[PDB]
Amino acid sequence: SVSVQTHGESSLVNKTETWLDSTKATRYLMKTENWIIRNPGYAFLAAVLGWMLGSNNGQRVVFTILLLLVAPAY
Amino acid sequence: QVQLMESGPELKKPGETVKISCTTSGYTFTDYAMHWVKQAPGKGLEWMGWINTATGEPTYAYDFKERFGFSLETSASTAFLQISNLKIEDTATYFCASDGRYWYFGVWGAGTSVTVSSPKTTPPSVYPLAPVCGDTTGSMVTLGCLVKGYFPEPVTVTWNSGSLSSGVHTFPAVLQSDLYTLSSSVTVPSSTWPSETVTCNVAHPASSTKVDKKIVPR
Amino acid sequence: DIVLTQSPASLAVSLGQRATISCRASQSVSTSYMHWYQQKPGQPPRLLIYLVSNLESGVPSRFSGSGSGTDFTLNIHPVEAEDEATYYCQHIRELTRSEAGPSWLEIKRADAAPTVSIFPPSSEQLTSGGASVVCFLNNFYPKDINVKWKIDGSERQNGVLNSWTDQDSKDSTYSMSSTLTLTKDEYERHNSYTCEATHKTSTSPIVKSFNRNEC
Amino acid sequence: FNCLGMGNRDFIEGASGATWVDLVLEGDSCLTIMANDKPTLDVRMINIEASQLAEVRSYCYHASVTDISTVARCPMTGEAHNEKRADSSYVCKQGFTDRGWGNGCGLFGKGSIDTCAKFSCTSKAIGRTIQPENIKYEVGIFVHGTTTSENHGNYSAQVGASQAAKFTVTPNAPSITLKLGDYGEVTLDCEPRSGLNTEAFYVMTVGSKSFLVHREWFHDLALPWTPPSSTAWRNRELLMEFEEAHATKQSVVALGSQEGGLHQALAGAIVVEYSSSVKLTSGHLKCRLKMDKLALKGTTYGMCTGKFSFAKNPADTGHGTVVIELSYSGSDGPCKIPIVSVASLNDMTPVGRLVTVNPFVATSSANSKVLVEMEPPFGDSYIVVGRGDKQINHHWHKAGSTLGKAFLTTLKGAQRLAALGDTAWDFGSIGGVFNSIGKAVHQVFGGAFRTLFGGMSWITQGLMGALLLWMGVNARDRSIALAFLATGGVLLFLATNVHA
Amino acid sequence: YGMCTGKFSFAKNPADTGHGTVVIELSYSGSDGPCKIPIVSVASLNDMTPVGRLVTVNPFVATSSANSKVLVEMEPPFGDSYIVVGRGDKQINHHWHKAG
């Protein structure tokens, strides 16, 4: 549809003010943050799954911070 | 400078073929498509189509298809409009254009007037027209010159070698048996006729006839 | 798919007065994509307004207009004698690209009555076998006019050839030439020939008559 | 056309050794060439022009429902057929209506209906395909002579002095030779059809304005579209919907105008205007500047013998140079304008270099304004105009010292490497060996790798790079950089390049 | 047959045959014919050394009639090349690139 699969980004030459540039940073995060605020109860058990498996410490967060970004808009 | 010249007025007969040329200047030829626009006898402008020039591709308007064609010559910057099986209804003026795509064009072609008829080249019948008593109104005697049955156009109708243009109205001519009939009327005061010579000079270089007729009183 | 029509088809207005053309496009929301062409008879037009807000190169700043979707306008506040022409307009978005039934500018002046002169056929034409009775109507305004050929008090519509010019360059009036074509034998079997010209100026038709027995 | 007051002004340091140079330029950026025997040049793009554009297809974003027709039938009858399926203008769809004995039928639980609605497009977008030969490039070129605040920003004025020129390079005529008059002639050999990629994208018109879109994404747009000629469209059922079926009543409803969704579908698209020829903002073109005939004349001219004045006060161009305008009141002209850039007043040795070489007075007329630019060194310097008691000076200081400037070349150099693709090494001009293989190594690296997974948008390639940086943590000896190869650079850089 | 002494023109614009070669059609306006048509395929303009080979060997003008169209094909090398028709000022060139 027209809602998703935007032209961005051209990335050919293009040093200029495009149609939407400064709003491109607000595409995902804010809409995904509005999703995780929409569903806080998920966010509590979300990061729990990272500490469950692998016992490798620092890469357990690699699960969470990536997986917490999966659930919004699938 | 961008100026589009075309083949001039063309004399045709039904059943023949013609290729209407459009010569362009001021730009590289293959870089602009040629918009072809027909002007109907009722002065309607009927758009014929545009030819992709690169690539040499004609794009017809559906009404104009299969009896018309768009052909090109790149080097001399001459666009061609080909027409097969000429018809009398096609008598009209044709135009070309230098393509600015969906905003059309900035320059109009010079125009091509095609005449499809079946006449014989004929000198006009030039008649000095004597005004009657009821034709003299308000100190002026109106005089007139009938130009009848000439082919082809144009005819140059002047009065006393064009010396008096004052009340001269040269009227258009229409088709009678594929011949043209017009009339021209000079308006001069009553003191100037028949005291001064008034002679309508009809120059028809197409038939090579320059006719001089002076109106005489009754 | 889209139908275009331009109104008023003929507008008589003096120079300097604003002329706003009421105009429309049938297939709707053209965005702007509407133009204006001025064409004198026997010439190619000239593009007046593109983008609906913007002139071409050669067209002077007196031309303007606005609109979107269906309706569009051509607004010339200082109309001029150079503006005299047949106004055209044409559309984009969908295809095929087509125009509208055009509109004429006419410079307004005082209503003028025609000068009617009906000439009997020349002696040269009679010897040729035909007779063409011509009727010249000169310097009449506006263009609304009618000619009626009354032969012996009876109107004949056969052999009537009406040649009239457009709005003049000098006095900006109209001139008409009517022609009644007959055979010499049919010419000599009918006596009274007159062309009555009715016009908005003269409440009665202007009657110029001659008989073959008269002079 | 010139580099005066442009947003991006970059320079060229002449090493001489050749009269020809291969440089890439842009619409916004203006290149400035400074060489021996060759005056100071301005090279920039005005815009990108295209002559003839073919119509690829169109898209109807806004539609309306007309003439809803639903032919009801009984269960077990199988398919329902409405007579409107003959015309393609009517949008027909199968379906069913659950039937009782109360409504229209003698059976229960099932049904069949054919719902047809005439399609009416309120608004439609149109795309355009670019032909390579039709592409034109208007390249403003300028050489710095005696100038004012008027003529220097003026084109036709410097054409009278033959110091500025315009021209159109096309694939049909990529080479153009233009004369600078008193300073000689220059030959410019460009590459119009390889400057951009003509077939890489289309030009899409949304509403009144037109915009650029990738042509592979152009066909992948999900929305009712249109063939070039006239009538029969595809996927026009997407702007309309259906509902439950109660007896014969079902309402086909049309989606609203998708123009906003099209503007939402546009993100990195460049706004492009047009009149009779489309003018593109950001240029990419590869040209060859041949300076062979360009030379210096009137070095025969000696110094000016009389007082100077400031027509305008000095300032910083922000690009690293200082420009001044001088009104010379002396009548001894034409004369070479004395001027320098010095460290201290007690030291007459020139240090800073003149941006505009050989300042010269046009005519003997007094109070004639002259605009000459110079590049002072870093630190405290002085602008000294004239010799002897005739001189009026000015103090200048520039904090851009080569420490930070080395990064301004480095960091922007990698920025010059990014977004320019393989043409980024054309700043390696009069190249070969290094510069040749430097592009060649990046050639196949530009034809593979970054372009293979290319299409990543902002944090998509940026976030995984931080996870690919973890690939450099877990590795083995001699295998360290193997997982680290594409991680550092070419990936996180462009992510840091565009923030925002 | 020595070289042709006069201006050239493109009867049709250049394109790629898709088989690895580039064909052009040239309308020669010079009246000095019959003459061998000057033409080459070069790497850069500053380098006059021919690199690409002519598919149609020995291009030739049929008759002295001006504006006579001639269709000659050549095979340019890989990368950025140039189609140069003629010698001296008389030449009109074109840029070609082949990614194969």
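Residues numbered from 1 in each chain as written, not as in the entry; some residues may be left out. Chains lettered and ligands numbered in written order. Part of a larger assembly, values for the part shown. Heavy atoms only, no water. Residues with missing side-chain atoms left out of burial classes, pairs and counts.

For this coordinate set, the PDB header names cryo-EM as the determination method and states a resolution of 4.7 Å.

**What to know about helix α7 (residues 459-473) of chain D**
Residue and element names in this part refer to chain D. Between the first and last C-alpha of α7 there are 21 Å, a value that for 15 residues agrees with the 21 Å anticipated at 1.5 Å per step. Where α7 bends most, at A466, the angle is about 25°. Of all the residues in α7, the buried ones are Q461, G462 and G465. Residues of α7 that are buried sit in contact with α9 (492-497). (Helix = DSSP H or I, 4+ residues; strand = E, 2+ residues; numbered from the N terminus. Expected span 1.5 Å × (residues − 1). Bend = angle between axes of the 7 residues up to and from the residue. Buried < 20%, exposed > 50% of the residue type's maximum accessible area, 1.4 Å probe, protein only. Contact = heavy atoms within 4.5 Å.)

**Describing the interface of chain C and chain B**
Contacts between the two partners involve 49 residues from chain C and, on the opposite side, 36 residues from chain B. For the pair chain C and chain B, the summed buried area comes to about 3700 Å², and 62% of that belongs to carbon and sulfur atoms. Joining chain C to chain B, the criterion identifies zero salt bridges. Linking chain C with chain B are ten residue pairs in polar contact. Residue assignment for the side of chain C that touches chain B shows that the elements contributing at least two residues are β5 (37-39), β9 (86-88), β12 (115-119), α1 (123-127), β13 (130-140), β16 (160-164), β17 (174-183) and β19 (206-211) of chain C. Its residues placed into classes, the side of chain C that touches chain B shows 21 nonpolar, 20 polar and eight charged. (Buried area = accessible area lost by both parts, 1.4 Å probe. Salt bridge = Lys/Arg side-chain N within 4 Å of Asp/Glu carboxyl O. Polar contact = N/O pair within 3.5 Å; in protein donor to acceptor, adjacent residues only side chain to side chain. Nonpolar A, V, L, I, M, F, W, Y, C, P; charged D, E, K, R; others polar.)

**A word on the arrangement of the chains**
Of all six pairs of chains that touch, the greatest number of contacts is found between chains B and C. One thing to see here is that chain A and chain E don't touch, and their nearest C-alpha atoms sit 19 Å from each other. Between chain C and chain E there is no contact, and the shortest C-alpha to C-alpha distance separating them is 29 Å.

**Considering empty space enclosed by the protein**
If a probe as big as a water molecule is rolled over the atoms, it shows which places are left empty. In this structure, the largest cavity spans a volume of roughly 130 Å³. Surrounding the largest cavity, 15 residues form its lining, C:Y33, C:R93, D:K124, D:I126 and D:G207 being those nearest its centre. Per-element accounting of the lining of the largest cavity gives the leading share, five residues, to strand β8 (residues 112-130) of chain D. Here the lining of the largest cavity is built from residues that sort into seven nonpolar, five polar and three charged. (1 Å grid on protein atoms, 1.4 Å probe; cavity = no way out; pocket = protein on both sides within 12 Å on 5 of 7 lines; lining within 4 Å. Points joined across faces, edges and corners; volume = space filled by probe spheres on them.)

**Digging into the sheet that holds strand β16 (residues 156-159) of chain B**
Residue and element names in this part refer to chain B. Spatially, three strands are ordered β16-β20-β21 in an open sheet, and the strand pairing comes out antiparallel. The sheet terminates laterally at β16 and β21 (209-214), the two strands that pair on one side only. Averaged over all adjacent pairs, the angle separating strand axes in this sheet is 15°, with direction ignored. Looking at chain direction, β16 and strand β20 (residues 199-204) are connected through four bridges and run antiparallel. Pairing of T156 across the sheet is with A203, part of β20. (Pairing = 2+ DSSP bridges. Axes fitted to C-alpha atoms, helices over the stretch in contact; angles between N-to-C directions.)

**A word on the pairing of strand β12 (residues 175-179) of chain D**
Residues and elements named next belong to chain D. The two faces of β12 differ: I176 and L178 on one face are buried, but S175, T177 and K179 on the other face are not. Bridging between β12 and strand β13 (residues 185-190) involves five bridges; their strand directions are antiparallel. Each residue of the ladder has a partner; that of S175, found in β13, is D189. The turn joining β12 and β13, which pair antiparallel and follow one another in sequence, is formed by five residues; a positive phi near 75° is taken by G181.

**Quick notes on the pattern of salt bridges**
Residues and elements named next belong to chain B. Tallied over the entire structure, the rule returns 24 salt bridges over all chains. The salt bridge partner of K38 is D90, with a shortest N-O separation of 3.1 Å. Here the residue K38 occupies a position in strand β4 (residues 34-39), and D90 occupies one in the loop between β8 (78-83) and β9 (92-95), the gap between them amounting to 52 residues. Grouping residues by exposure puts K38 and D90 together as buried.

**Let's talk about the environment of B:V216**
Residues and elements named next belong to chain B. Here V216 is to be found in the segment after β21. On the basis of relative accessible area, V216 is assigned to the exposed category, the value being 52%. When the C-alpha atoms of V216 and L143 are compared, they prove to be 9.8 Å apart, with 73 residues separating the residues in sequence. Residues within four places of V216 in sequence aside, it is in contact with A130 and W193.

**A short note on unusual backbone geometry**
The residue after A:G8, namely A:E9, is reached through a cis peptide bond having omega 0°. With respect to the element layout, A:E9 can be found in the segment before α1 (29-38). Geometrically, the link from C:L95 to C:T96 is a cis peptide bond, its omega value of 5° lying close to zero. Here the phi dihedral of B:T55 falls at roughly 75°; this positive angle occurs in a residue that is not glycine. Turning to its location among the elements, B:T55 is positioned in the loop between β5 (45-52) and β6 (57-60).

**What about the interface of chain B and chain D?**
Every contact between the two is made by 15 residues of chain B and, on the other side, 16 residues of chain D. Here chain B packs against chain D, burying approximately 1400 Å² in sum over the two surfaces, 37% of which is carbon and sulfur. Linking chain B with chain D are one salt bridge. Across the salt bridge formed by D:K136 and B:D31, the nearest N and O atoms sit 3.3 Å from each other. In this assembly, chain B and chain D are joined by ten residue pairs in polar contact. Of the residues assigned to the side of chain B that touches chain D, the class counts are six nonpolar, six polar and three charged.

**Examining the state of the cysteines**
Under the counting rule described, the total for this entry stands at nine disulfides over all chains. Here B:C145 engages in a disulfide with B:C200; their sulfurs sit 2.0 Å apart. On the S-S bond that ties B:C145 to B:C200, the torsion sits near 65°, and the link is right-handed. Residue B:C145 is found in strand β15 (residues 140-150), and its partner B:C200 is found in strand β20; the two are separated by 55 residues along the sequence. The connectivity of the disulfides in chain B is 1-2, 3-4, where the numbers refer to bonded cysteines in sequence order. As a non-bridged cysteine, B:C133 has C:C215 as the owner of its nearest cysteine sulfur, 5.7 Å distant. Note on B:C133: relative accessible area 71%, which makes it exposed. (Disulfide = S-S within 2.5 Å.)

**Some points on the packing of aromatic side chains**
Each aromatic ring pair is specified by the distance between its two centres and by the angle formed by the two planes. Summed over all chains, the structure comprises 31 aromatic pairs over all chains. Where B:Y102 meets D:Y274, the ring centres are 5.5 Å apart and the plane angle is 25°; that geometry is what we call stacked. Residue B:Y102 is located in the loop between β10 (97-99) and β11 (105-108), and its partner D:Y274 is located in the loop between β17 (271-272) and β18 (278-280); the two belong to separate chains. Judged by its relative accessible area of 8%, B:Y102 falls in the buried class. The class of D:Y274 is buried, set by a relative accessible area of 12%. Look at D:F119 and D:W233: their rings are 5.7 Å apart centre to centre, the planes differ by 75°, and that puts the pair in the edge-to-face class. Pair noted here: D:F119 is in strand β8 and D:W233 is in the loop between β16 (225-226) and α4 (259-265), with a separation of 114 residues, a long-range link. Taken as a pair, D:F119 and D:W233 share a single burial class, namely buried. In this structure an aromatic cluster arises from ring pairing among B:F95, B:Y104, B:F105, B:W108 and C:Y37. Taking the ring centre of B:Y104 as reference, the NZ or CZ of C:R97 above it sits at 5.9 Å. (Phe/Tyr/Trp six-rings, centres within 6.5 Å; stacked < 30°, edge-to-face > 60°. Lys NZ or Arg CZ within 6 Å of the ring centre and 35° of its normal.)

**Looking at the nonpolar core**
Judged by nonpolar contacts, the single largest core of 55 residues is most densely connected at D:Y137, D:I141, D:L285 and D:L289. Among all residues touching D:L289, those that are not within four sequence positions of it are D:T19, D:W20, D:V21, D:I33, D:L41, D:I141, D:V186, D:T187 and D:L188. Within the second largest apolar cluster, 30 residues are counted, among which are B:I20, B:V37, B:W47 and B:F95. (Core = buried A, V, L, I, M, F, W, Y, C linked by side-chain atoms within 4.5 Å.)

**Thoughts on a negative patch on the surface**
Where like charges cluster on the molecular surface, the negative patch consists of D:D98, D:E241, D:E243 and D:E244. By the secondary structure assignment, D:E241 is in the loop between β16 and α4. (Patch = residues over 30% accessible without salt bridge, like charges linked within 9 Å, V, L, I, M, F, W, Y side chains within 5 Å. Areas by Shrake-Rupley, 256 points an atom, 1.4 Å probe, with all protein chains shown as cover. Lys, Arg positive; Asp, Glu negative; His and termini not counted. Charge placed at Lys NZ, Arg CZ, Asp CG, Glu CD.)

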